[PDB]
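J.: Structure for this input, please:
(one chain, ligands or ions: 3)
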Amino acid sequence: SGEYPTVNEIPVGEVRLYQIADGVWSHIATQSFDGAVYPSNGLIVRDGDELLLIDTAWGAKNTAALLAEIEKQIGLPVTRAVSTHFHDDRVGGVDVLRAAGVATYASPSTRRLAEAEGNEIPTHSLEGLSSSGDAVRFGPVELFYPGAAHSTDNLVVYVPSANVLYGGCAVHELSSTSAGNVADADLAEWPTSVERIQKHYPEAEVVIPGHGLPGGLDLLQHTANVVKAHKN
Ligand SMILES: C[C@H](OC(=O)c1ccc(CN2C(=O)c3ccccc3C2=O)cc1)c1cccc2c(-c3ccc(CN4CCOCC4)nc3)c(C(=O)O)[nH]c12
Ligand SMILES: [Zn+2]
Ligand SMILES: [Zn+2]
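T.: Residues are numbered from 1 along each chain as shown. Ligands and ions are numbered 1, 2, ... in the order given. Next up is the structure itself:
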């Protein structure tokens with residue numbers, strides 16, 4: 001009923017959308033992994049009379065449910081998708097997307113890591129993102145590579161028309177007491193990568209984490225704090 005939807009509010013297999021700004025939505029789904037249930041976020045950005053999708057809904061059936069929810073709530077076709085790193089909460093569902101006619105994209109680093117790990121593989125490579133601080137335009141968003149953080153390949157996404165910063169899994173929600181799933185992370189570089197985000201997007205008004213509730217710019221400093229304390 002209007003609040004940001006939480007893990008116990010979304011059965012695994014259902015997807016909810018949340019309006020962030022004009023022409024910007026998050027998508028929220030839940031998935032089981034190693035015997036626990038987790039929420040995750042992605043982004044939808046209006047691209048004229050089409051939509052750009054950022055990240056899958058963490059699985060094939062969730063991603064099919066995402067497409068159905070978009071058709072119900074928005075009614076514009078998803079034509080392109082970008083996955084922000086190689087983990088299943090970002091690429092799981094890419095095969096569903098591709099068979100639905102969506103062109104799928106990721107950095108070459110993400111594509112290599114996904115292939116090596118046995119995850120679904122986006123079709124098209126996003127060049128121009130291999131050095132920290134790199135940025136490229138992609139429809140109505142800017143893609144930014146901040147450096148290694150949650151993963152070595154993690155990208156962030158900025159929507160300039162709305163000053164929305166989608167941090168993906170490099171950014172944690174304010175209630176987080178832990179650095180999340182850090183198995184592929186660089187804890188030493190992560191604060192430096194967050195500092196790059198902070199420097200590049202000082203006008204961000206909404207910050208969306210990979211998992212959990214959106215907030216403001218404080219999510220960035222909070223993330224650096226949590227990662228440093230985890231390493232400590
Ligand atoms: C889907 C994602 O898989 C992973 O990451 C992950 C990593 C490493 C392997 C390990 N491997 C390999 O090397 C390998 C090589 C070859 C073949 C197969 C594999 C393989 O399987 C698996 C999977 C995920 C699965 C399950 C959970 C998560 C979380 C998460 C989010 C939030 C919290 C709770 N907090 C509150 C909010 O703030 C942070 C703390 N806790 C965890 C977050 C995230 O943090 O983004 N990603 C998660
Ligand atoms: Zn991840
Ligand atoms: Zn994640």
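
J.: So what does residue 42 look like in phi/psi?
T.: phi -140, psi -170 (degrees, to the nearest 10).

J.: thinking residue 169 is in contact with residue 180, fair?
T.: Yes - the criterion here is C-beta atoms under 8 Å, and residue 169 meets it with residue 180 at 6.9 Å. In this view, the C-beta of every residue, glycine as well, is placed from N, C-alpha and C.

J.: got any residues that touch both of those two?
T.: 150, 210, 211 (C-beta atoms under 8 Å, 6 or more residues apart in numbering).

J.: Show me which of residue 169 and residue 180 is the more surrounded one.
T.: residue 169 (25 against 20; other C-beta atoms under 10 Å).

J.: Near ligand 3, which residues of this protein? Just list them.
T.: 89, 169, 210 (C-beta under 5 Å from the ion).

J.: neighbour-wise, which of the shared contacts of residue 169 and residue 180 leads?
T.: Busiest of those [other C-beta under 10 Å] is residue 150, holding 29 neighbours.

J.: before we move on, back to that, report the entries of the residues of the chain next to ligand 3 that also contact ligand 2.
T.: residue 169.

J.: I'd like to know which of the residues of the chain next to ligand 3 is nearest to ligand 1.
T.: Ranked by distance to ligand 1 (C-beta to the nearest ligand atom), these are led by residue 169 at 3.3 Å.

J.: Quickly run through the sheet partners of the helix or strand where residue 51 lies, with directions.
T.: Per DSSP states H and E, residue 51 falls inside strand 50-54. Applying DSSP bridges, strand 50-54 is found paired with strand 36-47 (antiparallel), strand 78-82 (parallel).

J.: On the three-state scheme, residue 172 is what?
T.: At residue 172 the chain is in coil, as set by DSSP: H, G, I helix; E, B strand; the rest coil.

J.: Quick check: it vs residue 225, distance?
T.: 10 Å (C-beta to C-beta, to the nearest Å).

J.: which of the two has more neighbours?
T.: Using other C-beta under 10 Å as the criterion, residue 172 and residue 225 rank with residue 172 on top: 26 against 15.

J.: and the more buried one, how far is that from residue 84?
T.: Taking C-beta to C-beta, one finds residue 172 at 14 Å from residue 84.

J.: Then residue 155?
T.: Taking C-beta to C-beta, one finds residue 155 at 4 Å from residue 84.

J.: same question, residue 7
T.: 20 Å.

J.: Same drill for those two, tell me which one is more crowded.
T.: residue 84 (29 against 16).

J.: does the more buried one really touch residue 167, like I thought?
T.: No - assessed by C-beta under 8 Å, residue 84 is found out of contact with residue 167, at 9.0 Å.

J.: Touching both of these two, which residues are there?
T.: 156, 210.
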